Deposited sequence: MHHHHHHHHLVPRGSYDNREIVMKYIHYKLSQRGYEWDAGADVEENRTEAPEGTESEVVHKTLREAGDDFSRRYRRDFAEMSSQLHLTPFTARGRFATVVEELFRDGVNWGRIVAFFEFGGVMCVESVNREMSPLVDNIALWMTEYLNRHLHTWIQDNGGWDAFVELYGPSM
């Protein structure tokens, strides 16, 4: 199947933020299994690297004017050597962490921007690989 990558991003971020006590109203609402499997994969990745995640918080020092550069720098590093599902999970978890950090640092408007930046990058740079590699349904089989 083929999905709406914007919807995948928005659902992923909205859930992560709602869990943590922020209702992201600007971003409020086979597909179902994709959303759930991606969330669980990201949570597994967060657990797997729990202490590196904890530590990362201090590394980024986000501000509105630097946030895009900080985001893009990491995304470029993640995919410099090509695409695979692991790096896609890392990309979703990184975006989600950036949204949580934006809320925590009293910069909640950045959530909307991060969601856009993630969607643009999926659209432009990852979708061909996803489609070629069996789509999100292949991800579900591999991670489910």
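- Where C-alpha coordinates are absent, the deposited sequence of this PDB chain has the segments 1 to 13, 43 to 54, 170 to 172.
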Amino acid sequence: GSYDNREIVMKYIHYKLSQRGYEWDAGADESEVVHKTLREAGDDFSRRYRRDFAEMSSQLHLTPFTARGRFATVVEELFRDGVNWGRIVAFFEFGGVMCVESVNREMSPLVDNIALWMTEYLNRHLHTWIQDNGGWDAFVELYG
From here on, numbers count along this sequence of modelled residues.
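- Stretches 48 to 56 and 72 to 80 differ in mean CA B factor, with 48 to 56 having the higher one.
- Mean CA temperature factor is higher for 61 to 69 when stretches 95 to 103 and 61 to 69 are set side by side in the entry.
- When the C-alpha B-factors of 31, 119, 113, 108 are ranked from the entry, the top spot goes to 31.
- Residue-level temperature factors show residue 12 in the lowest third of its chain, judged at the C-alpha atom.
- For residue 26, the recorded CA B-factor ranks within the highest third of the chain. Only modelled residues enter the ranking.
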